[PDB]
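**Q**
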Amino acid sequence: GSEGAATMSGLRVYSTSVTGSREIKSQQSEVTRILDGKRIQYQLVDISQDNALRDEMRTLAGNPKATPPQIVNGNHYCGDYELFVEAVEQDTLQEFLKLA
């Protein structure tokens, strides 16, 4: 095994409540689900609430035509649902993010 100390990471999941795409939701629900199960410390950022977010998110990510979900670490941009799900599947979710 491996034990020592812990680290403080500001995980943020940029999701929305009002959407028509639908598919997005799935990604959002999933991300949160996986994150939930993984018991990862993160904060659900409702971009819907504040329109600004919608933008702030796009910028952070690096695309105006971006969409949720969106994983962010403190001031780092993990990636999208795919990038996330991918790692998760690869069992390297710790690498993708800013954990290790």
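Once you know that position 42 of the sequence shown is 42 in the authors' numbering, the rest is easy, because the numbers rise by one and skip nothing. C-beta atoms are modelled at their ideal positions from N, C-alpha and C, and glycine is treated no differently.
When DSSP labels each residue in this structure, what does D80 get in the three-state scheme?
**A** As a position in the sequence shown, residue 80 is number 80, starting the count at 1. Note: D80 maps to coil in three-state DSSP.
**Q** Work out the CA separation of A87 and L93 for me, nearest whole Å.
**A** Stepping through the sequence shown from its first residue, residue 93 is reached at position 93. Stepping through the sequence shown from its first residue, residue 87 is reached at position 87. Distance between the alpha carbons of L93 and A87: 5 Å.
**Q** May I ask which residues mark the beginning and end of the alpha helix (DSSP H) holding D50?
**A** Indexing the sequence shown from 1 puts residue 50 at position 50. Element bounds for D50: n/a, residue is neither H nor E.
**Q** Following the continuous alpha helix (DSSP H) through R33, name the residue where it begins and the one where it ends.
**A** Taking the first residue of the sequence shown as 1, we reach residue 33 at position 33. Segment 23-38, the alpha helix (DSSP H) holding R33.
**Q** List the whole-angstrom C-beta distance separating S9 from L99, where the pair is believed to meet the contact cut-off of C-beta under 8 Å.
**A** If you number the sequence shown from 1, residue 9 lands on position 9. If you number the sequence shown from 1, residue 99 lands on position 99. Their Cβ separation, rounded to whole angstroms, is 6 Å, which keeps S9 and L99 in contact under 8 Å.
**Q** Rounded to the nearest angstrom, what separates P69 and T7 at their Cα positions?
**A** Numbered from 1 along the sequence shown, position 69 holds the residue referred to as residue 69. Numbered from 1 along the sequence shown, position 7 holds the residue referred to as residue 7. Across the structure, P69 and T7 are spaced so that their CA atoms are roughly 24 Å apart.
**Q** Less than 8 Å between the CB atoms is what I'm expecting for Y42 and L83, so what's the real figure, rounded?
**A** On the sequence shown, position 42 is the one that residue 42 refers to. On the sequence shown, position 83 is the one that residue 83 refers to. Contact flag wrong, Cβ pair sits at about 15 Å.
**Q** For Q43, which of helix, strand or coil comes out of DSSP?
**A** In the sequence shown, residue 43 corresponds to position 43, counting from 1. DSSP places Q43 in strand when its eight states are reduced to three.
**Q** CB-CB under 6 Å to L97, same chain, minus the five flanking residues each way: which ones, in chain order?
**A** The count along the sequence shown starts at 1 and reaches residue 97 at position 97. If we look at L97 and ignore the five residues flanking it on each side, its Cβ neighbours are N73, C78.
**Q** From the DSSP output, which residues share a beta bridge with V85?
**A** By 1-based counting over the sequence shown, the position of residue 85 is 85. In DSSP, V85 forms no bridge with anything.
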